[PDB]
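Protein chains in written order, with the UniProt record's numbering: chain A, 22 to 361, 363 to 553; chain B, 21 to 361, 363 to 553; chain C, 22 to 361, 363 to 553.
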Amino acid sequence: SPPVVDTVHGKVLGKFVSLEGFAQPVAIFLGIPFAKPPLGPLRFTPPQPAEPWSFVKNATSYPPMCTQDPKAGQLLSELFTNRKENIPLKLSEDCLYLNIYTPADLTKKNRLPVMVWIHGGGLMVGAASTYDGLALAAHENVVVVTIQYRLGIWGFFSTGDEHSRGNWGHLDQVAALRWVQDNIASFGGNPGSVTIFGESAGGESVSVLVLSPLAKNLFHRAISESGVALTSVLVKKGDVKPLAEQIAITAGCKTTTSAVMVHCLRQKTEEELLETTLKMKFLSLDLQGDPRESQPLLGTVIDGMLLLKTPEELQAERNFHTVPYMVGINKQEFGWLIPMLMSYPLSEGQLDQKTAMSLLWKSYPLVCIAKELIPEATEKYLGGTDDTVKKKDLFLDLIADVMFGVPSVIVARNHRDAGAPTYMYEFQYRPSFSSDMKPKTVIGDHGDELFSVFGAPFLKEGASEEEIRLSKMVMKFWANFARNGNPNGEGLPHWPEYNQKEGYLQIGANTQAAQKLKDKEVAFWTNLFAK
Amino acid sequence: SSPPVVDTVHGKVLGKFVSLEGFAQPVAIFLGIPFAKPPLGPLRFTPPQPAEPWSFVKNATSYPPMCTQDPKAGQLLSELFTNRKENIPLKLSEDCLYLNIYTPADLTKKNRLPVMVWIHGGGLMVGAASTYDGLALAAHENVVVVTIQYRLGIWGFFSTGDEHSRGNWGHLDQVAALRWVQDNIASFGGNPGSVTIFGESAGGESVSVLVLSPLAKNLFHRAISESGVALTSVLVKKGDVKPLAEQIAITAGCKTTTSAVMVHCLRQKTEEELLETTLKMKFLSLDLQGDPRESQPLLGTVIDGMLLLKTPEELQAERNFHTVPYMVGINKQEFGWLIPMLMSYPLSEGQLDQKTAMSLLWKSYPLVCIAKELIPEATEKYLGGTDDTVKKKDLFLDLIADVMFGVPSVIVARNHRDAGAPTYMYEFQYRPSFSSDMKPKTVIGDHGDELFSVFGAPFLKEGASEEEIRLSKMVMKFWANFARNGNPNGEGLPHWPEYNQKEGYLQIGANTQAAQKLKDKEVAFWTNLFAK
Amino acid sequence: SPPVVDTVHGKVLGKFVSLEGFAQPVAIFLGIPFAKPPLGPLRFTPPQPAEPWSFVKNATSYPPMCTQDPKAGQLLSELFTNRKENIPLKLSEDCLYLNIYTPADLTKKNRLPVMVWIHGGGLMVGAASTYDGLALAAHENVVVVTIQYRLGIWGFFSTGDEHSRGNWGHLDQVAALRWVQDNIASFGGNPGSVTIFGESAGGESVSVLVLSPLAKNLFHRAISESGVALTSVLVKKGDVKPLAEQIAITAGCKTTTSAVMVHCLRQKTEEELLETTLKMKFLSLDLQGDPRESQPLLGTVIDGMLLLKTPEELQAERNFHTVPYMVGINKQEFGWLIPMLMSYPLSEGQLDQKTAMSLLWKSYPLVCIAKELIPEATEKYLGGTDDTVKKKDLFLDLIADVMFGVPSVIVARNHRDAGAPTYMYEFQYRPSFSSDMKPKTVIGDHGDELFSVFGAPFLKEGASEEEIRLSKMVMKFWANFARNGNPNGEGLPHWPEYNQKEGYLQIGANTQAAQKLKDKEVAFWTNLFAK
Ligand SMILES: C=CC[N@@+]1(C)CC[C@]23c4c5ccc(O)c4O[C@H]2C(=O)CC[C@@]3(O)[C@H]1C5
Ligand SMILES: C=CC[N@@+]1(C)CC[C@]23c4c5ccc(O)c4O[C@H]2C(=O)CC[C@@]3(O)[C@H]1C5
Ligand SMILES: C=CC[N@@+]1(C)CC[C@]23c4c5ccc(O)c4O[C@H]2C(=O)CC[C@@]3(O)[C@H]1C5
C-alpha cells in the first residue's frame, strides 16, 4: 500500500514507483509545502513556516510552478527535462513546494545522503518538476530533493532598502534547506549530510549559499554546474533603485517612495504583475538604446541579510563555507541554447570583427565590457584567422569564457585557497536528447551535463550505449562526492583534487584528467577588467 | 516667406516649407492630415468613415501617431528603415489614420505633377508612415509624395469570418486614403489622373491586393510592389479563420458564444488591453513550441467579399484585376538578415546539416507552408549539391526567400503580363552603407535594402560614397519615370526591358544591366512540389 | 565629507550647511523615518516602530507631506515658510518622517537642548519641511527637530469606540517624541531636556501632549503659540458618530456598524480619500445650512488612550508630573490669515450690528456661541463705537478672543494654579515677510511670530535691523526657556513669571512686561458661556 511519512507538520502520502533493475521501489512525494504560500501581504517578504494539517496530506500531484513567462517556462522545461515526455505545468504564486525521491526503506530507519537540487532558469523561469529524481535516487541510493523558489519580480524585486531588500527567492532556498534539515530523516535521508547542487541560476544560487551566513549548517557539500556568484549577469551590483522604479512605473504604480512602490506592487494581481514581466522583455537581448541601461533579468542583490557584501569582497575575506565544492562548466556554454533562447542576433555564420564588436557591445548586460575595451577583447579572440566562419565560433567562446568560464575558475581558486576541498570539471559531450533544431556540431552546450547527472538514459527511450555509460559514471561521481566530499571511487577515472596543480576532470566520451583550466583566459580577463 | 496654407475639402491645412540642398525650388510639407474619422469605440472593426470638416486652419506641422502596435517592435523597425538622419520617435494611438504630404509643386501656380503614394511595410503588424521621409524623392524627381497610415494588427485585421467582422479594415483605410488623394491632391499640386501606389513587403502585398480589388478601381494608375505580393503565403489567410479569432477573443478574456458576441466584447476592451493581448499572442516571432501548423505569426488579409471576392490565386487566375502598369520586384537575399533576426530565428551556429535543416523548415510552416512530407524533398533540392555546413545555411535561406517572395513575385508578374498589362521586374542586389551595424558585411541585398535608394537616403543621411549616391539617383529616376509614363525607361538610364514573353528584368545594383528569366527554375520546382 | 550618524535603526547620511557668522557648520538630516509607514492594514491605527535598515540611509532630500489638499498645503507652506524659497512637496500616506538640525560637533560628545517643532495647519494640512531650523539651531545652538504626523481623515478619523478611537496624529507626534528619546543623543542632543513647541493646531497638540499620560516623560518643557487644548474648534466633544457617518457616506461606504465603516474606508485608495476631503470641503466657513452641524475640521477627540477626559476636566486634577509651560497669542489672531484662508464672507470691510450677528451665528463651528447669546456677545463688543469700521475690527476681536485669547489664558492660569512655571506673551508686530495681499494695517496676525522664532531675517532678504533684533531676542528667549524652564537671560528685557499677578511679556518693536492679559475678556466669556 501507499507510503505515508510523518513529517513535522503532518502526514504526507506518496506513491511507490520501482525502476528497472531495482527490486526496491523509490518512494515519490510530489508537492510537499515547506513555507506558507507567499500570497498578498506576504509578497516581497521573507518566507514563513508552513501551517500544519490534521489528517494525511496527499502528496502525489505535481505542484504549480512559480509564476513566470508561461511559454518560456514550458520551452525551457521541455529542453532540460530528463523524462520521457515533458509534464505540463500550471502557474501559481503558491509555489513553495519541493519533491522527494527516496530509495531508502521507510519501514526501517536509514540515513542516506541527501542531494538538494536547485533548478536553473535565470531566477525567471524553471520548475522543480522539470527534473525527475528516480534514476539518480535508485542507482546511487541517495535521497534526491527538487525544490522551488520565487522567480522574477515575485522573488527578486528590490528597492535597495528595508522596504524590499530583495532575494526573496534565495531566502526561499534557505527555507527549503531548513525544511530538509528538520524533516528529511523522516524519508530515510541523513540531515547530517546534505549536498546542494544546481546549474545556471541554480549553480549561481548554490554559489551564493556558500557565501551566506543564513545558510551555514544547512548543507555540507556543494556542486555548481555551469554558474557561480561571479557570473555578473545574475548578480546586481550598484544602485538598483532605477530598476525598481522602471518596474513600478510599468506596473502602473507611483514612485513617490520605496514604501509606496512596494505597497502599490502588492496590490497588483498575479495576472497584473505577469503582464509587466511580459512588457519588460526579460531573458531577451535588447537591440536598441544603450546596452548599459538594459537589464535582462532580476537577480541577486546585496540585501544586507543574505549577502553582506559583493561575492568578490567576500571570497577575499575567506569568510564563507569551506565545504567541499565542485565547480564545473561545459565546453560550449554559449553553443546554441542561451543564444536561441535570448533572440541573439546571429544568422550568417560569417562574422567580421566590425560586426563582432557591435554585438559584444549590445551584449553589455551579459558580459559587461566597457565600450573602450571591446577592441582589445575582440582582437584577443577573433584576431586568429581571417576565416569569418571561424571568428563567430571563437566569438561564442569569448562570451562563454566571460559569463561562465573565467568566473568559475576564480571561484574555484579562492575556495581552494580558503583551505577547503575543491573540484572542477569540463563537460564535453553531446546528448541525443538535444533539440532537433540544434546543430550536430554543438558539443557540450549549456545544460548538457544534466541528462548524465540525472540519468536521463534510464527514463528516456533511445540512448546509445555510450550515453548510458556516461550517465552511470557521472551519477557515480556526483553521488560519491555527495557522501564523501570526494568524487573519486573504484572503476572511475581518478579525479584530481583542485589544488595548485589545478587539475580537473574532463568529462566526456573519453574522461581523463587535465590541468590549468582556462589558465590564460582568467589572466587575460582579470587584466582587461583591471583596466 | 510665409507658411503654405492649402484648402482641402474639409478645411484649410497649414504645413511648412523645407528645402533640400542643391534645389532652389523648396518642398511644401504637411504632417498628419486626417483622411478619415478616428476609428474609436464603435468604429473599431468597421469600415473607415469621412473625416469631420473643420472651421479654421489645421496645423499640419507635427508628426501623427502611428497605429497601436508593439512599441519596441515598431521603433526597432523604424530605425532600420528610416531614411532620415535621426529617427523620429513616435507615439501610439488608435487615432492614427493620417497621411503626410510632400510636394515640390509651386502652390501659387496651378500644377499637376505625378503622385506617388507610399504604403509602409511591417507585416501589417507594425510600421508608421512618418518613418519614410519623402523630401529627397520629391525634390529630386518633381513628384508629389504621399505617405499614408492604416490600421494595423487586431485593430486593422480582426475577422470573425462572417458579416459581424469581415476584416481587411487596414486595407479599407488604404482605399480610403487613395480616395482622399483623388478628391484633394490637386490642392497640393498633384494630378489625380496619375497616382502610383507602391510599397515594400506588407506594403507591397497591399499594393498587389488593391490591384486585385474592385473597391480600388479608378483610384490608382501605376503600381509598384517592392518585395511582397498578393501571393506571399504568410500575409493572406485562406481557409477557416474562426479558430484564430477565438484564440484572440479568448486571450483578451472574451466569450466565443457567437461572432456577434466576440466582436462586441473586443469593442469594449481598452486600447491598452488589446495591446497586451497582442503581446501575449507574441506575434511576428517564430513559435518553436507546439504544432507549427497551429502557429499564427500575424493576422492578415482575408477573402471578405468586399475587398477580395475570391482568393488572390483565383482572381489573377481569371482576368479579374486591373490592367495598369505594374512594377514587381525582389531583393537578392530577402531572407538574409532582417526578417530572421526580427523573428527570433535560431541560427547561433550559423551552419546547418540536412537534418536540422528539414527540422527548422518545418517549424517554419507559417512562413513557407510546406507539408511535412514535402520538407525532405525540398530540403535536398536545395541543400544537397554541396556538403558544406555553412553553404547549406546560406542555401537554406534562399529556400525560404524563393518561397516567400521570389516565386510569388514571378507568378504575380507573369500573370499580369499574360493579362495584357505592361509589366516590369527587377532584382535588387546591393549592400547599403546605412545597414544595421549588427549586420554581417556578407549580407547583400537583404530585405528592404532597396528602400534607401527608392527614398534617396544618401541625400539626407551622412557618409555615403559616390556609388551609393549614384544608385539612389538612378533608382529614384526609374521609379519616378515609371510613375509618369508607366514605363521606367528614360534619358540617361540603363535600358529596362519589359517583362514580356522573353522575361527580361533589371538587376539593380552597383552594376545595373538587364537579364532574363528571373527565378524560372525556382518557379518550376515549387509550382511542381505544391502540386503534390 | 558629509556627516554620518548611527541611530538605533541604522546609519543616516546627512549634509553640512554652514551659516553666516558661525564656524561649526550645521548637520542637517532630512526625511528620517520614526515609524513604519501607515499603509493598508495600518491605516487608522497606532503608529509603529520602523524597520531597521542595512547600510547607510542617505537622508538628504525632503520627505513627502501627509496627504492633504495640495493647494491648501502649498499656500500655507508659502505663507509660513521661513526659507528664502518655498520647497514644493509631494503628498503621500508614507509621511511619518522628521528633520533634524544639529549644530553639535558629532565628533565630540554633546548634550545640547532639543526643540521639537509641531507644525500647525488645523491638523488638516501642513508639513515639517516648511520650517528650516538652520538659523535657530545655529544662533542659539540647540537641536531643532521638525516632525510630521498624519493629517485630516488619515490622522483623526474616529467612530467613538474601539474600532477607530481617533487621534492618530497625536499618537504619531508622541511616537516622534519616543524616537527623540532613543536617538537624539547620537546627534549632540540631550534626551533629558527635550522641549516641544508648535503654533495653531501644533500649539493645541503640544497643549494635548501636556495633558496626556502617554507623553509623561517625553518632554520637559512646553510652548504653545496661538492654540491650546481649549481652542474648541480643534477638539471634538460629544458624539462623533455623525461625522464619521457623513465621511463614510461620502467615501461611498456603508454605515452598518463602526467596524464596517472603518473597514470600508480602510479599503479605499489614497486618492479616493483625498477626494472625500475635497468633497467635504473642510476648513471653509459653511455659509449654507444650520451652523451647528457644519464640521470645518476633523480634529482631536476624547479617545480614552491619549485623552481620558475633556481637556477642561484634565486641568482640574493636579497630577504630580509637571513642566514649565509657555503660552502665547498674537495681537490679531483672526486679523487676516485665518479668515482669508477660510473664505470668510467679510468682504465689504464694514459691519453693522445686524450683519455681525448673522456672521457670528454661521461661525458656530469656530466660536461655539449659542444663537440665544449672540446679541449679548455682539453688543458687548460692537456697541462701543458707532461706525461700521471700528465695529468690524471689534468683530474680528470677538472671534480671536473666543478662539485663542480666552482659551489660552484659561490654560495658562490652570497650569499656574497646578504648581508649575507658566509664562505668557502677546506678539504685536508686522513682519516684512508678510503676504503682498495682507494689508499693512494688520499687526500681529496669526502666525506672525513664526518669522521671529525661526530667524527668517537670517534666511530671507530685506529685513530691517529692528526686525533682525526682534528675531534674535525671540530666539534667545525661546532657547533660554528650552534649557531652563525660564526664558530670562543676559541682554533681554525682563519677562515676569505668570503667577497671581498675571504678568506677561509684550513682544514686538518695544518689548516689556504687563499684567492681566485678556483679563476682562476671560471674565465676560466665562459667565456668558454659563447661561
Ligand atoms: C530557459 C531560458 C534561456 N536561458 C536563455 C539562457 C542562459 C541563462 C540566461 C538567461 C537570460 C540572461 C542571461 O544572462 C543568462 O545566462 C544564463 C543563466 O545563468 C540562468 C538563466 C538562463 O538559463 C536562461 C535565460
Ligand atoms: C521586432 C521586429 C519587427 N517585425 C516583428 C515586424 C514585421 C516583420 C517584418 C520585418 C521587416 C520587414 C518586413 O517587411 C516585415 O514583415 C514581417 C515578416 O514577414 C517577418 C519579419 C517581421 O516579423 C519583423 C521585421
Ligand atoms: C483652508 C484651510 C483654513 N486655514 C487656512 C485657516 C487658518 C489656520 C487654522 C485652521 C484651523 C484652526 C486654526 O486655529 C487655524 O489657524 C491657522 C493656522 O495657524 C494653520 C492652519 C490654517 O492655516 C487652516 C485651518
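Even for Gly, the Cβ is constructed at its ideal location relative to N, Cα and C.
In this structure, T377 of chain B lies near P461 of chain A, with their beta-carbon atoms less than 8 Å apart.
According to the DSSP secondary-structure assignment, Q534 of chain C is paired through a beta bridge with C:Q528. Interface with chain A (8 Å Cβ-Cβ cutoff): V424 of chain B is excluded.
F503 of chain B has its alpha-carbon roughly 20 Å from the corresponding atom of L539 of chain B. For a cut-off of 8 Å, the C-beta gap from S247 of chain B to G224 of chain B is around 6 Å, short enough to register as a contact. Secondary structure within the stretch 33-105 of chain C: the beta strand (DSSP E) runs of 3 or more consecutive residues, fully enclosed, are 36-40, 43-54 and 77-79 (chain order). The C-beta of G484 of chain B comes no closer than 8 Å to any C-beta of chain A. A check of alpha carbon separations from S369 of chain A across A:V411, A:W175 and A:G466 identifies A:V411 as the nearest. The beta carbon of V464 of chain B sits closer than 8 Å to the beta carbons of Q353, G356, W357, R452 and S456 from its chain, once the five residues preceding and following it are set aside; these are given in chain order. Of all residues in the stretch 275-298 of chain A, the ones placed with a Cβ closer than 7 Å to any Cβ belonging to chain C are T277, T278, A280, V281 and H284, in chain order. The Cβ atoms of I108 of chain A and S75 of chain A lie no closer than 8 Å to each other. At a Cβ-Cβ threshold of 8 Å, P312 of chain A and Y403 of chain A do not count as neighbours. Taking 8 Å as the CB threshold, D408 of chain A stays off the interface with chain B. Close CB contacts of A434 of chain C within its chain, under the 6 Å cut and outside five residues either way in sequence, are with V348, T444, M446 and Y520 (chain order). The Cβ-Cβ distance between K78 of chain B and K36 of chain B does not fall below 8 Å.
Separation of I529 of chain C and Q169 of chain C (C-alpha to C-alpha, rounded to the nearest whole angstrom) is 28 Å.
At a Cβ-Cβ threshold of 8 Å, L514 of chain A and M495 of chain A count as neighbours. In the structure shown, the three-state DSSP call for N549 of chain C is helix. Leaving aside the five residues that flank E72 of chain B on each side, the residues in its chain whose CB is nearer than 8 Å to its CB run, in chain order, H30 and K57. With 7 Å as the limit, the residues whose C-beta approaches a heavy atom of ligand 3 more closely than that are C:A93, C:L97, C:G141, C:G142, C:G143, C:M145, C:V146, C:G147, C:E220, C:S221, C:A222, C:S247, C:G248, C:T252, C:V254, C:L255, C:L304, C:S305, C:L318, C:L358, C:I359, C:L363, C:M364, C:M425, C:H468 and C:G469, in chain order. Beyond the five residues adjoining it in sequence on each side, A269 of chain C comes within less than 8 Å, by CB distance, of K275, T276, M282, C285 and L286 in the same chain, given in chain order. Interface flag for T463 of chain A against chain B is set, since a Cβ pair is found closer than 8 Å. Any Cβ of chain B closer than 8 Å to the Cβ of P360 of chain A would place that residue at the interface, and such an atom is present. For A222 of chain B, the enclosing alpha helix (DSSP H) begins and ends at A222 to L232. Under DSSP, the beta-bridge partners assigned to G219 of chain A are A:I139 and A:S245. Per DSSP, reduced to three states, the secondary structure at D193 of chain C is helical.
Here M379 of chain A carries a helix assignment [DSSP, helix/strand/coil]. Leaving aside the five residues that flank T298 of chain B on each side, the residues in its chain whose CB is nearer than 7 Å to its CB run, in chain order, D90, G173 and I174.
Judged by their CB atoms, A196 of chain A and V344 of chain A are not nearer to each other than the 8 Å cut-off. When the five nearest sequence neighbours on each side are left out, the beta carbons in the same chain lying within less than 7 Å of the beta carbon of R339 of chain B are those of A440, in order along the chain. The C-beta of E394 of chain A comes no closer than 8 Å to any C-beta of chain B.
Sixteen is the threshold: since fewer than 16 other Cβ atoms of the shown chains lie within 10 Å of the Cβ of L60 of chain A, the residue is exposed.
Interface residue (Cβ-Cβ distance to chain A less than 8 Å): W74 of chain C is classified as such. Judged by DSSP in its simplified three-state form, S493 of chain C adopts helix. Per DSSP, reduced to three states, the secondary structure at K237 of chain A is coil, with no helix or strand assignment. A direct Cα-to-Cα measurement between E114 of chain C and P68 of chain C gives close to 12 Å.
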